[PDB]
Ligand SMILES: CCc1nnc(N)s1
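One chain is shown next in structure tokens, namely the form solved without this ligand.
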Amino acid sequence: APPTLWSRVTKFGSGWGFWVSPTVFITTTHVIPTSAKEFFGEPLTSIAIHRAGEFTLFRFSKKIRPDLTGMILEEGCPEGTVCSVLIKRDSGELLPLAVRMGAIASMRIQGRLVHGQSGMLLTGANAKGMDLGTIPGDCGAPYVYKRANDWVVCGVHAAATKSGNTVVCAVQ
């Protein structure tokens, strides 16, 4: 994935979020600290917060990231799309995990009911654990893909099954 996409992936709460534009940041709802009253030096009163289940969007009054251009955010993607999940791991390593996307689904995964777009990893038969699959610390990582000359962001990492083969992207 391009360096400009990796620059938008930001360590946040118990996981990650992603800058869509200078004023719009998206994440997975459960990584946000429940007591938090201040984000990027701005009080809640100066932020419009739009929560749809495990999808959260923050729209700031001030340009927080003026180095960035606005890109396209869509509500999931067509069945069969191959996305990359933009995962940062311990030591400047960058893991763009390949995932074939499927239908919108409701599942029970460990102690949680989750709803979003399902997908199947294309990294191995080999996805139980950190080397070729996801870990709980990856929540909030963006799902991206290239369409003609444009990159699209279409959701944030919300959950993975015990085997690691199935993942769920929370969508706007």
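Basically, rigid core = biggest C-alpha set you can superpose within 1.5 Å across the two forms. Start at 1 with the first residue shown and count on from there.
Below, we refer to the form solved in complex with this ligand, which is not included among the displayed structures.
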item	value
Stretch 78-96 - residues with a heavy atom within 4.5 Å of this ligand in the bound PDB entry	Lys88, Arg89, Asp90, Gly92, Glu93, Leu94
Moved residue between this form and the one not shown - picked from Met120, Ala103, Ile49, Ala125, where its Cα shifts 2 angstroms or more relative to the rigid core	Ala125
In the bound PDB entry, whether the C-alpha atoms of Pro136 and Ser91 sit closer or farther than here (change of 3 Å or more)	closer
Direction of Cα pair change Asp90-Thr34 in the bound PDB entry, magnitude 3 angstroms or more	closer
